[PDB]
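Encoded as structure tokens, the structure appears first; notes follow it.
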Amino acid sequence: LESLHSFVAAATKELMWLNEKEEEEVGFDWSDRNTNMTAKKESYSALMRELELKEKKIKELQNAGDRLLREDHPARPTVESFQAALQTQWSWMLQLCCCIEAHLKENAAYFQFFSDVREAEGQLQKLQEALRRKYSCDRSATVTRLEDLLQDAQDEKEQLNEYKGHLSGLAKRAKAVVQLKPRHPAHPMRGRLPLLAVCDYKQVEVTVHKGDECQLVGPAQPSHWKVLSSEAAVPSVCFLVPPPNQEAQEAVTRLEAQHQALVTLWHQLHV
Ligand SMILES: [Ca+2]
Numbered sequence: 642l643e644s645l646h647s648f649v650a651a652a653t654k655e656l657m658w659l660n661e662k663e664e665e666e667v668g669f670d671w672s673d674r675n676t677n678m679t680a681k682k683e684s685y686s687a688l689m690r691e692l693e694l695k696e697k698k699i700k701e702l703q704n705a706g707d708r709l710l711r712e713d714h715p716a717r718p719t720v721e722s723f724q725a726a727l728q729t730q731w732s733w734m735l736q737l738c739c740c741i742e743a744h745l746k747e748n749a750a751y752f753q754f755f756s757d758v759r760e761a762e763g764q765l766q767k768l769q770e771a772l773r774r775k776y777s778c779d780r781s782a783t784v785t786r787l788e789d790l791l792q793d794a795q796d797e798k799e800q801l802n803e804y805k806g807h808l809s810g811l812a813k814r815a816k817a818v819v820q821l822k823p824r825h826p827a828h829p830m831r832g833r834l835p836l837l838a839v840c841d842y843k844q845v846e847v848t849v850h851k852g853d854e855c856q857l858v859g860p861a862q863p864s865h866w867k868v869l870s874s875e876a877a878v879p880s881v882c883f884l885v886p887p888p889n890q891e892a893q894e895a896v897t898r899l900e901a902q903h904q905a906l907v908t909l910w911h912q913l914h915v
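Here's what the structure looks like:
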């Protein structure tokens, strides 16, 4: 009857919406290439608001279904089926949200870290340039000599020390930066990758729990990875590629070496 048809109709609309959002989030680019983290943050926030309202509608639908179940239909089976589909997709939606939380956090941190690395190397280049001017340019004119006398080398040395400390801070931060490059399908695998599960995934072949430590095996169908918990194909969004990021750590080491060279140069010029 009209009662049932309205239920099936309404449940189909909600299932359409959820399936739409799922396809958006699964096939989302959480890799090196995608930089617009602020836009993702805004979008995600908006999705959240949509879900807070949607919760009420879906709870209403579940109730409407339960009502229909009291009077045994020949349509009971497909009603129970739709009820289960709503519960399942609804929960999986929230789990996808857990993935978004984790990815926004770690990814924002990744971009921020590398930006800070660029900022630091910049200032080291400025320093090197200054020193090169001290030992290359003509210090003959009395103006230049007076400038040197007016210059506090001890203050320059304290600047250098402070910078050593900053660099140490960066080295520490690099030990916790995730891997974003190994997420793109255009990445060469020279071995298996460590994966950290950031949500609950649940199916016949495999069940993944939040925090489960897994191994990446290789690309499956778009947006999916064949991984090892039991081996199976899971949506790439369920996983962080945890530290260590060797690019990051080696970057900070490169900085420390360049800085040590500059300090040595400074001491050679001043003592
Ligand atoms: Ca001086």
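Per the entry's author numbering, the sequence shown runs over residues 642 to 870, 874 to 915.
Backbone N, C-alpha and C define an ideal beta-carbon position, used for all residues, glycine too.
Given this structure, state the Cα-to-Cα distance separating residue i from residue j, to the nearest angstrom.
{"i": "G706", "j": "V649", "result": "9 Å"}
{"i": "residue 946", "j": "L787", "result": "Residue coverage of the chain in this structure runs from 642 to 915, which leaves residue 946 outside it and unanswerable."}
{"i": "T908", "j": "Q753", "result": "30 Å"}
{"i": "residue 873", "j": "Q820", "result": "Between 870 and 874, the chain has no modelled residues, and residue 873 is one of the positions in that gap."}
{"i": "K851", "j": "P879", "result": "14 Å"}
{"i": "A726", "j": "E666", "result": "19 Å"}
{"i": "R831", "j": "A838", "result": "22 Å"}
{"i": "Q724", "j": "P718", "result": "10 Å"}
{"i": "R711", "j": "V720", "result": "12 Å"}
{"i": "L702", "j": "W866", "result": "34 Å"}
{"i": "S722", "j": "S874", "result": "29 Å"}
{"i": "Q764", "j": "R780", "result": "24 Å"}
{"i": "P715", "j": "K697", "result": "28 Å"}
{"i": "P835", "j": "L659", "result": "30 Å"}
{"i": "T848", "j": "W731", "result": "18 Å"}
Buried or exposed: residue i, going by 16 or more other Cβ atoms within 10 Å of its Cβ?
{"i": "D673", "result": "buried"}
{"i": "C778", "result": "exposed"}
{"i": "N889", "result": "buried"}
{"i": "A680", "result": "exposed"}
{"i": "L768", "result": "buried"}
{"i": "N748", "result": "buried"}
Looking only at DSSP bridge pairs, what is residue i linked to?
{"i": "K775", "result": "DSSP output for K775 lists no bridge partner at all."}
{"i": "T848", "result": "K843"}
So the candidates are the options; which of them puts its Cα closest to the Cα of residue i?
{"i": "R833", "options": "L808, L869, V839 and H825", "result": "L869"}
{"i": "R824", "options": "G806, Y842 and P863", "result": "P863"}
{"i": "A815", "options": "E894, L709 and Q728", "result": "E894"}
{"i": "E683", "options": "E742, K700 and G668", "result": "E742"}
{"i": "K746", "options": "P826, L659, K843 and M678", "result": "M678"}
{"i": "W733", "options": "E661, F755 and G763", "result": "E661"}
{"i": "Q766", "options": "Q912, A905, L836 and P835", "result": "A905"}
{"i": "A876", "options": "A901, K843, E770 and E891", "result": "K843"}
If residue i and residue j are in contact, beta carbons under 8 Å, what's the gap, nearest whole angstrom?
{"i": "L737", "j": "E663", "result": "7 Å"}
{"i": "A817", "j": "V896", "result": "So it is not a contact: roughly 12 Å between Cβ atoms."}
{"i": "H903", "j": "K805", "result": "7 Å"}
{"i": "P860", "j": "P886", "result": "Contact doesn't hold; Cβ gap of about 19 Å is too wide."}
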